[PDB]
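**Q** The file below is coords01.txt, compact mmCIF, C-alpha atoms and all ligand atoms:
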# COMPACT_ATOMS: atom_id res chain seq x y z
CA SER U 55 18.45 -10.86 -1.01
CA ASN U 56 20.08 -13.36 -0.77
CA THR U 57 22.64 -11.12 -2.50
CA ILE U 58 26.44 -10.85 -2.60
CA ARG U 59 27.93 -7.46 -3.49
CA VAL U 60 30.95 -8.32 -5.62
CA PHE U 61 33.40 -5.61 -6.66
CA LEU U 62 35.15 -6.19 -9.98
CA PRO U 63 38.48 -4.68 -11.16
CA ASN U 64 38.78 -1.41 -13.12
CA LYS U 65 36.69 0.31 -10.44
CA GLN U 66 33.50 -1.61 -11.23
CA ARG U 67 30.88 -3.51 -9.22
CA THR U 68 28.08 -6.07 -9.46
CA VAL U 69 25.51 -7.54 -7.07
CA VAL U 70 24.29 -11.07 -7.79
CA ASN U 71 21.50 -13.31 -6.51
CA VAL U 72 22.55 -16.81 -5.46
CA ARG U 73 20.38 -19.93 -5.36
CA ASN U 74 21.26 -23.01 -3.29
CA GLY U 75 23.46 -25.58 -5.01
CA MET U 76 25.35 -22.97 -7.01
CA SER U 77 29.07 -22.52 -6.33
CA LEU U 78 31.10 -19.38 -7.06
CA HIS U 79 32.28 -20.26 -10.56
CA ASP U 80 28.94 -21.05 -12.20
CA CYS U 81 26.81 -18.17 -10.92
CA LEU U 82 29.62 -15.70 -11.62
CA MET U 83 30.03 -16.39 -15.34
CA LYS U 84 27.51 -14.10 -17.06
CA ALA U 85 28.15 -11.53 -14.33
CA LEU U 86 31.81 -11.39 -15.35
CA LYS U 87 32.11 -12.75 -18.89
CA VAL U 88 30.29 -9.65 -20.13
CA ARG U 89 33.31 -7.49 -19.26
CA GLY U 90 36.10 -9.40 -20.99
CA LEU U 91 37.79 -10.51 -17.77
CA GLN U 92 38.47 -14.25 -17.59
CA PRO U 93 37.77 -15.96 -14.22
CA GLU U 94 40.87 -18.14 -14.64
CA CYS U 95 43.25 -15.18 -14.42
CA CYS U 96 41.24 -13.36 -11.74
CA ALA U 97 41.43 -13.78 -7.97
CA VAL U 98 38.72 -13.72 -5.30
CA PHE U 99 38.48 -12.05 -1.90
CA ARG U 100 35.95 -11.71 0.92
CA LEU U 101 36.18 -8.26 2.49
CA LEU U 102 36.33 -8.72 6.26
CA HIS U 103 33.97 -6.34 8.04
CA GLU U 104 35.86 -6.18 11.33
CA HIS U 105 39.09 -4.59 10.09
CA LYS U 106 37.92 -2.97 6.84
CA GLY U 107 40.89 -3.19 4.48
CA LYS U 108 42.20 -6.70 5.07
CA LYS U 109 40.42 -9.27 2.90
CA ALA U 110 40.89 -13.04 2.75
CA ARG U 111 41.37 -15.09 -0.41
CA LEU U 112 39.15 -18.10 -1.13
CA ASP U 113 38.63 -20.91 -3.65
CA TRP U 114 36.44 -20.65 -6.75
CA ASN U 115 34.95 -24.06 -5.93
CA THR U 116 33.19 -22.63 -2.87
CA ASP U 117 29.42 -22.74 -2.41
CA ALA U 118 28.53 -19.04 -2.49
CA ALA U 119 25.07 -19.94 -1.22
CA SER U 120 26.44 -19.64 2.31
CA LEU U 121 27.87 -16.13 1.87
CA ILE U 122 24.41 -14.53 1.82
CA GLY U 123 24.46 -10.93 3.04
CA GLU U 124 28.20 -10.52 2.58
CA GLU U 125 30.49 -8.53 0.29
CA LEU U 126 33.25 -9.88 -1.96
CA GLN U 127 36.11 -8.42 -4.01
CA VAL U 128 37.67 -9.68 -7.24
CA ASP U 129 41.26 -8.86 -8.21
CA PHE U 130 43.41 -9.58 -11.25
CA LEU U 131 46.55 -11.66 -10.73
CA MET L 1 40.85 13.21 -19.27
CA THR L 2 37.10 13.42 -18.64
CA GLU L 3 35.12 10.47 -17.26
CA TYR L 4 31.47 10.37 -18.35
CA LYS L 5 28.96 8.85 -15.94
CA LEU L 6 26.05 7.18 -17.74
CA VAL L 7 23.18 6.18 -15.44
CA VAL L 8 20.66 3.89 -17.13
CA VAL L 9 17.10 4.29 -15.86
CA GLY L 10 14.26 2.09 -17.11
CA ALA L 11 11.47 -0.32 -16.19
CA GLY L 12 11.41 -4.12 -16.16
CA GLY L 13 11.20 -6.49 -19.11
CA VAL L 14 12.76 -3.93 -21.45
CA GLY L 15 16.29 -3.98 -22.85
CA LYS L 16 18.57 -2.24 -20.37
CA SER L 17 20.57 -5.38 -19.66
CA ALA L 18 21.20 -5.88 -23.37
CA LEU L 19 22.12 -2.38 -24.53
CA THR L 20 24.79 -1.77 -21.90
CA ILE L 21 26.11 -5.26 -22.62
CA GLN L 22 26.19 -5.10 -26.43
CA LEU L 23 28.40 -2.00 -26.26
CA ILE L 24 31.14 -3.42 -24.04
CA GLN L 25 31.16 -7.07 -25.11
CA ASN L 26 29.02 -6.67 -28.25
CA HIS L 27 26.67 -9.48 -27.18
CA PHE L 28 22.87 -9.77 -27.13
CA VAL L 29 21.32 -11.29 -24.02
CA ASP L 30 18.03 -13.20 -23.86
CA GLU L 31 17.45 -14.72 -20.39
CA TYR L 32 15.63 -12.30 -18.09
CA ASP L 33 18.08 -11.82 -15.22
CA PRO L 34 16.67 -9.48 -12.53
CA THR L 35 19.48 -6.94 -12.14
CA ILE L 36 19.95 -4.92 -8.95
CA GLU L 37 23.11 -2.80 -9.13
CA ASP L 38 25.73 -3.43 -11.83
CA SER L 39 28.41 -1.00 -13.02
CA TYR L 40 30.35 -1.10 -16.29
CA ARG L 41 33.38 0.62 -17.84
CA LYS L 42 34.94 0.80 -21.31
CA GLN L 43 37.78 2.75 -22.94
CA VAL L 44 36.10 4.27 -26.00
CA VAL L 45 37.06 6.86 -28.62
CA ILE L 46 34.12 9.26 -28.98
CA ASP L 47 34.67 12.11 -31.48
CA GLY L 48 38.40 11.73 -32.08
CA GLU L 49 38.95 11.44 -28.34
CA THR L 50 39.84 8.35 -26.30
CA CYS L 51 37.27 8.62 -23.50
CA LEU L 52 35.71 6.42 -20.82
CA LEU L 53 32.14 5.24 -20.19
CA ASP L 54 31.43 4.34 -16.56
CA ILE L 55 27.92 2.98 -17.10
CA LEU L 56 25.61 2.03 -14.22
CA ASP L 57 22.36 0.25 -15.07
CA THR L 58 19.59 0.30 -12.47
CA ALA L 59 16.71 -1.94 -11.41
CA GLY L 60 13.27 -1.44 -12.95
CA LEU L 61 11.60 -3.32 -10.12
CA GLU L 62 10.45 -0.95 -7.36
CA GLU L 63 11.85 -3.13 -4.57
CA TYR L 64 15.07 -1.12 -4.51
CA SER L 65 13.69 2.43 -4.50
CA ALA L 66 15.92 3.60 -1.64
CA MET L 67 19.44 3.98 -3.03
CA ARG L 68 18.00 5.75 -6.08
CA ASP L 69 18.71 9.08 -4.41
CA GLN L 70 22.41 8.24 -4.06
CA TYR L 71 23.91 7.82 -7.54
CA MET L 72 21.38 10.03 -9.32
CA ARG L 73 23.25 13.05 -7.97
CA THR L 74 26.47 11.32 -8.98
CA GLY L 75 25.81 10.44 -12.62
CA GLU L 76 26.55 13.25 -15.05
CA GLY L 77 24.00 12.04 -17.61
CA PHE L 78 20.86 9.90 -17.55
CA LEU L 79 19.35 7.44 -20.02
CA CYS L 80 15.63 6.66 -20.02
CA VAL L 81 15.31 3.23 -21.66
CA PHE L 82 11.95 1.71 -22.61
CA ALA L 83 10.49 -0.49 -25.34
CA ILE L 84 7.78 0.47 -27.85
CA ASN L 85 6.17 -2.93 -27.28
CA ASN L 86 5.53 -2.06 -23.63
CA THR L 87 3.08 0.76 -22.90
CA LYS L 88 3.44 0.80 -19.11
CA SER L 89 7.15 1.52 -19.53
CA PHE L 90 6.22 4.55 -21.65
CA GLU L 91 3.81 5.85 -19.01
CA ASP L 92 6.49 5.62 -16.31
CA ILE L 93 8.83 8.06 -18.06
CA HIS L 94 6.99 11.01 -16.45
CA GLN L 95 7.55 9.47 -13.02
CA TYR L 96 11.23 9.11 -13.87
CA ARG L 97 12.04 12.65 -15.03
CA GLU L 98 10.15 14.16 -12.09
CA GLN L 99 12.08 11.85 -9.77
CA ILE L 100 15.38 12.61 -11.51
CA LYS L 101 14.67 16.35 -11.41
CA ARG L 102 13.81 15.83 -7.73
CA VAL L 103 17.40 14.80 -7.00
CA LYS L 104 19.64 17.23 -8.89
CA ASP L 105 17.08 20.06 -8.90
CA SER L 106 17.85 21.42 -12.38
CA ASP L 107 15.62 21.06 -15.44
CA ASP L 108 18.64 21.11 -17.76
CA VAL L 109 19.73 17.52 -17.15
CA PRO L 110 21.74 15.93 -20.01
CA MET L 111 19.44 13.08 -21.07
CA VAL L 112 18.32 11.17 -24.16
CA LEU L 113 15.42 8.80 -24.87
CA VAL L 114 15.76 5.21 -26.10
CA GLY L 115 12.92 3.14 -27.56
CA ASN L 116 14.42 -0.34 -27.48
CA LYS L 117 13.16 -3.49 -29.27
CA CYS L 118 12.38 -1.81 -32.62
CA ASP L 119 12.96 -5.16 -34.33
CA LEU L 120 9.62 -6.52 -33.10
CA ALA L 121 6.16 -5.68 -34.45
CA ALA L 122 4.33 -5.13 -31.17
CA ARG L 123 4.62 -1.35 -31.56
CA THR L 124 1.77 0.12 -29.53
CA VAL L 125 3.87 3.24 -28.97
CA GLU L 126 4.67 5.13 -32.19
CA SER L 127 7.65 7.41 -32.85
CA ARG L 128 5.97 10.82 -32.80
CA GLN L 129 3.90 9.55 -29.88
CA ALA L 130 7.26 9.41 -28.08
CA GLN L 131 8.80 12.41 -29.87
CA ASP L 132 6.00 14.68 -28.67
CA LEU L 133 6.77 13.49 -25.14
CA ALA L 134 10.54 13.85 -25.52
CA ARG L 135 9.96 17.33 -26.95
CA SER L 136 8.42 18.42 -23.65
CA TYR L 137 11.57 17.44 -21.77
CA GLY L 138 13.70 18.94 -24.54
CA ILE L 139 15.76 15.79 -25.03
CA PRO L 140 16.17 13.84 -28.31
CA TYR L 141 14.67 10.43 -29.07
CA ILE L 142 16.57 7.45 -30.47
CA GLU L 143 15.06 4.12 -31.54
CA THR L 144 17.08 0.98 -30.83
CA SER L 145 16.96 -2.82 -30.83
CA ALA L 146 19.52 -4.61 -28.65
CA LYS L 147 18.96 -7.82 -30.62
CA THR L 148 20.27 -6.56 -33.97
CA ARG L 149 22.75 -3.88 -32.83
CA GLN L 150 20.48 -1.12 -34.15
CA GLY L 151 21.02 2.29 -32.57
CA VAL L 152 23.15 0.76 -29.82
CA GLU L 153 26.26 2.85 -30.47
CA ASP L 154 24.11 5.94 -31.07
CA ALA L 155 22.63 5.56 -27.58
CA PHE L 156 25.88 5.83 -25.63
CA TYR L 157 27.25 8.41 -28.07
CA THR L 158 24.47 10.96 -28.59
CA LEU L 159 23.99 11.00 -24.81
CA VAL L 160 27.62 12.02 -24.35
CA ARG L 161 26.97 14.81 -26.86
CA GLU L 162 24.30 16.10 -24.48
CA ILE L 163 26.89 16.21 -21.69
CA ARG L 164 29.15 18.04 -24.14
CA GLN L 165 26.57 20.83 -24.37
CA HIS L 166 26.47 21.78 -20.68
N1 LIG U 201 13.21 -8.91 -29.18
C1 LIG U 201 14.02 -8.29 -28.32
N2 LIG U 201 14.04 -8.67 -27.05
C2 LIG U 201 14.92 -7.95 -26.32
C3 LIG U 201 15.74 -6.93 -26.73
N3 LIG U 201 16.50 -6.44 -25.68
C4 LIG U 201 16.13 -7.17 -24.66
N4 LIG U 201 15.17 -8.10 -24.97
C5 LIG U 201 14.55 -9.07 -24.07
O1 LIG U 201 14.11 -8.40 -22.91
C6 LIG U 201 14.07 -9.34 -21.80
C7 LIG U 201 14.66 -8.69 -20.56
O2 LIG U 201 15.99 -8.26 -20.81
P1 LIG U 201 16.72 -7.33 -19.77
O3 LIG U 201 17.70 -6.54 -20.53
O4 LIG U 201 17.23 -8.22 -18.70
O5 LIG U 201 15.71 -6.37 -19.18
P2 LIG U 201 16.06 -5.44 -18.02
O6 LIG U 201 15.51 -4.11 -18.36
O7 LIG U 201 17.52 -5.54 -17.79
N5 LIG U 201 15.36 -5.98 -16.71
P3 LIG U 201 15.61 -5.30 -15.31
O8 LIG U 201 15.15 -3.87 -15.45
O9 LIG U 201 14.68 -5.92 -14.30
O10 LIG U 201 17.08 -5.47 -15.02
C8 LIG U 201 14.81 -10.59 -22.27
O11 LIG U 201 13.87 -11.63 -22.52
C9 LIG U 201 15.51 -10.13 -23.55
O12 LIG U 201 15.63 -11.17 -24.51
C10 LIG U 201 15.71 -6.53 -28.09
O13 LIG U 201 16.37 -5.64 -28.64
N6 LIG U 201 14.80 -7.28 -28.83
MG MG U 202 18.84 -5.09 -15.81
Written as structure tokens, how would this file's structure read?
**A**
Amino acid sequence: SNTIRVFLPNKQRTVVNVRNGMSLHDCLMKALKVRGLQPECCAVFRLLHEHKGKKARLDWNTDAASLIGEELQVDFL
Amino acid sequence: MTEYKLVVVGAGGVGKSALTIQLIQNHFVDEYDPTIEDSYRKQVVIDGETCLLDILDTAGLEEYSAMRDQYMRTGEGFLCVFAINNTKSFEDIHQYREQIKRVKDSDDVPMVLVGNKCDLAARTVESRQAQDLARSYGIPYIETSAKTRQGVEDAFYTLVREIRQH
């Protein structure tokens, strides 16, 4: 752990384990496709832990292997 | 309306991450993916009533036995999931109930038992062998198989009925 606590819409959550070489669109499929929500029409945030409430948007083609020990947030567009 | 909280407790190798999945997305999952803390939600209509199932499956690996005593006083109903092909999972039911009772004190906890993987033939744990155990706790016993959609709906339905008793 080596984990990233990702919060999904509809007041849901999921923590995933990330191996090196994996982005944020490949290792987030089965952990999101099993809820009906399509990644194409869903955003992505990284909850800043210095303000608590103001997150920053990112790109789905980001290596999530570097965000070990963080905490994300997914929103619907 | 009322929001039912279904906490799924069970060991490793069983079919927790296949039951909770095949209810929301109706899909069976092979690939053993070590879960840690995943929550689910679905707008269902149980007994002529459009309800809501905020499911939360837990980890069977005892490397996360710290936040157990956090959502087990949150969840309204529990769900002990094992497989009749795994004996060790059957022997760890006693160490679940006593650890669930430890949290919310009461002995009248809305629960129901699920013997997953009934589509195999590696049954070392019979029905009555599990019924006589489930009788002691006073909760029913349902036999499922998350590979063939058997008893899947009855798992997250009969459990709600137990919440609709207290
Ligand atoms: N034959 C059969 N195999 C099943 C069934 N349900 C789950 N499995 C198998 O059980 C294995 C583990 O599945 P999984 O649901 O991830 O188990 P788990 O209880 O979630 N593991 P963990 O507790 O560590 O999260 C997989 O190989 C899967 O194919 C079932 O109904 N039949
Ligand atoms: Mg699991």
**Q** Using all atoms listed in the file, which residues of the polymer chains come no farther than 8 Å from ligand LIG 201 (chain U)? I'd like the answer as a PyMOL selection string.
**A** chain L and resi 10-19+28-36+57-61+116-120+144-149
**Q** Taking all atoms listed in the file into account, name the residue in L:81, L:1, L:111, L:93 that is nearest to ligand MG 202 (chain U).
**A**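 For ligand MG 202 (chain U), the nearest of the given residues is L:81.
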**Q** For residue L:56, which residue out of L:98, L:73, L:25, L:9 is the nearest one, using all atoms listed in the file?
**A** L:9
**Q** Residues of chain U near chain L: apply a cut-off of 8 Å, count only C-alpha atoms, and supply the list as a ChimeraX atom specification.
**A** /U:64,66-70,88-90
**Q** Dump C-alpha atoms for the selected residues as a PDB file, keeping the file's coordinate frame?
**A**
ATOM      1  CA  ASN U  64      38.780  -1.410 -13.120  1.00  0.00           C
ATOM      2  CA  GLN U  66      33.500  -1.610 -11.230  1.00  0.00           C
ATOM      3  CA  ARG U  67      30.880  -3.510  -9.220  1.00  0.00           C
ATOM      4  CA  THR U  68      28.080  -6.070  -9.460  1.00  0.00           C
ATOM      5  CA  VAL U  69      25.510  -7.540  -7.070  1.00  0.00           C
ATOM      6  CA  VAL U  70      24.290 -11.070  -7.790  1.00  0.00           C
ATOM      7  CA  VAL U  88      30.290  -9.650 -20.130  1.00  0.00           C
ATOM      8  CA  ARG U  89      33.310  -7.490 -19.260  1.00  0.00           C
ATOM      9  CA  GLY U  90      36.100  -9.400 -20.990  1.00  0.00           C
TER      10      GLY U  90
END
**Q** Do you have the atom CA of residue L:128-atom CA of residue L:47 distance handy?
**A**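 Distance between the two atoms: 28.8 Å.
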**Q** What gap, in Å, lies between atom CA of residue U:63 and atom CA of residue U:129?
**A**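 Taking atom CA of residue U:63 and atom CA of residue U:129, their separation equals 5.8 Å.
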**Q** Given the point (28.9, -7.4, -4.0) in the coordinates of this file, which residues lie within 12 Å, counting only C-alpha atoms, and how would they look as a VMD selection string?
**A** (chain U and resid 55 to 62 66 to 72 82 85 98 to 101 118 121 to 128) or (chain L and resid 36 to 39)
**Q** Report the distance between atom CA of residue L:142 and atom CA of residue L:62 in Å, rounded to one decimal place.
**A**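 Distance between the two atoms: 25.3 Å.
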**Q** Assuming 8 Å of padding per side, give the centre and edge lengths of the axis-aligned box around every listed atom of stretch 7-16 of chain L, in Å to one decimal and as lines of an AutoDock Vina configuration file.
**A**
center_x = 17.2
center_y = -0.2
center_z = -19.1
size_x = 28.0
size_y = 28.7
size_z = 23.4
**Q** Do a neighbour search on residue U:91 at 9 Å with only C-alpha atoms, toss out local chain neighbours closer than 5 positions, and write the hits as a count of residues only.
**A** 4
**Q** Show me the residues close to (15.7, 18.2, -29.9) - anything with an atom within 12 Å, counting all atoms listed in the file - and format the list as a PyMOL selection string.
**A** chain L and resi 110-113+131-142+158+162
**Q** Any chance you could model N, CA, C and O atoms for stretch 106-117 of chain U and send them as a CSV table (one decimal), in the coordinates of the input?
**A**
chain,number,residue,atom,x,y,z
U,106,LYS,N,38.2,-3.9,8.0
U,106,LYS,CA,37.9,-3.0,6.8
U,106,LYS,C,39.2,-2.6,6.1
U,106,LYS,O,39.8,-1.5,6.4
U,107,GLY,N,39.7,-3.4,5.2
U,107,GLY,CA,40.9,-3.2,4.5
U,107,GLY,C,41.7,-4.4,4.3
U,107,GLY,O,42.6,-4.5,3.4
U,108,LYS,N,41.5,-5.4,5.1
U,108,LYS,CA,42.2,-6.7,5.1
U,108,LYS,C,41.3,-7.8,4.7
U,108,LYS,O,40.5,-8.3,5.5
U,109,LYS,N,41.3,-8.2,3.4
U,109,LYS,CA,40.4,-9.3,2.9
U,109,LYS,C,41.1,-10.6,2.9
U,109,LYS,O,42.3,-10.7,3.1
U,110,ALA,N,40.3,-11.7,2.8
U,110,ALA,CA,40.9,-13.0,2.8
U,110,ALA,C,40.6,-13.7,1.4
U,110,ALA,O,39.4,-13.6,0.9
U,111,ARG,N,41.6,-14.4,0.8
U,111,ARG,CA,41.4,-15.1,-0.4
U,111,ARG,C,40.6,-16.4,-0.2
U,111,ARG,O,40.6,-16.9,0.9
U,112,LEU,N,39.9,-16.9,-1.2
U,112,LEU,CA,39.2,-18.1,-1.1
U,112,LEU,C,39.4,-19.0,-2.3
U,112,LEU,O,40.4,-18.9,-3.0
U,113,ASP,N,38.5,-20.0,-2.5
U,113,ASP,CA,38.6,-20.9,-3.6
U,113,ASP,C,37.4,-20.8,-4.5
U,113,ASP,O,36.3,-20.7,-4.0
U,114,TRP,N,37.6,-20.8,-5.8
U,114,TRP,CA,36.4,-20.6,-6.8
U,114,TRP,C,35.4,-21.8,-6.6
U,114,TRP,O,34.3,-21.6,-7.0
U,115,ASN,N,35.8,-22.9,-6.1
U,115,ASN,CA,35.0,-24.1,-5.9
U,115,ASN,C,34.3,-24.0,-4.6
U,115,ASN,O,34.2,-25.0,-3.9
U,116,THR,N,33.9,-22.8,-4.1
U,116,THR,CA,33.2,-22.6,-2.9
U,116,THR,C,31.7,-22.3,-3.1
U,116,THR,O,31.4,-21.5,-3.9
U,117,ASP,N,30.9,-23.0,-2.3
U,117,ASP,CA,29.4,-22.7,-2.4
U,117,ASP,C,29.1,-21.3,-1.9
U,117,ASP,O,29.2,-21.1,-0.7
